[PDB]
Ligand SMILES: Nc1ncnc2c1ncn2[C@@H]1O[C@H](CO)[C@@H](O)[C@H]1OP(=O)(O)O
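Just the one chain here, laid out as structure tokens, in the form deposited without this ligand.
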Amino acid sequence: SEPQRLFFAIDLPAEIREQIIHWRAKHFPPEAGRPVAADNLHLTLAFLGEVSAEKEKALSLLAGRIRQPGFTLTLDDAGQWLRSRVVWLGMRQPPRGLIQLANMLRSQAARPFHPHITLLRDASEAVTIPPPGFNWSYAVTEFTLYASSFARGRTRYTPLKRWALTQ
């Protein structure tokens, strides 16, 4: 029927989301920027924007043809992009499995890919950016197709399809 705002993403284990939002509430005041909800924390592999039902279906097939071993993400980096006004969490040297998976999703769907997890939005002022917490590392077993929707000015992500990575 009606188009949906879709995107692919890598998710976070529950315990690490909790570890992150605690680390964020320690080094960043409300004045620092707008905090991303715990359940909204993710690593976007490919943003699709408004997609028709026909286009979504074709993408889900192309996504299902992907064959890739799982990989490990260790979040050793955190930073700030001043123009886009975001405080992000990421990885210094991302695994080849991450770069490959993203590029394939960007290729099938089609700014260079710089994998990150947004922690704060509207972070217009510069702020000292501490390093991430210790041992924020986990195994990636799957990637998910998501559809976003904005109810009361609050963002909610709804999962549509999940694909496991070989392992």
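A residue's number is simply how far along the shown sequence it sits, counting from 1.
This protein has a second form, the form deposited with this ligand bound, left out of what is shown; the following refers to that one.
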>> Under a 4.5 angstroms heavy atom criterion, identify the one residue in 60, 137, 44, 100 near this ligand in the deposited complex.
In response: 44
> Since the chain is shown here on its own, which stretch among 65-73, 137-145, 23-31, 44-52 would lie within 4.5 Å of this ligand in the deposited complex, judged by heavy atoms?
Replying inline: 44-52
> Are any of the heavy atoms in residue 5 no more than 4.5 Å from a heavy atom of this ligand in the deposited complex?
Replying inline: yes
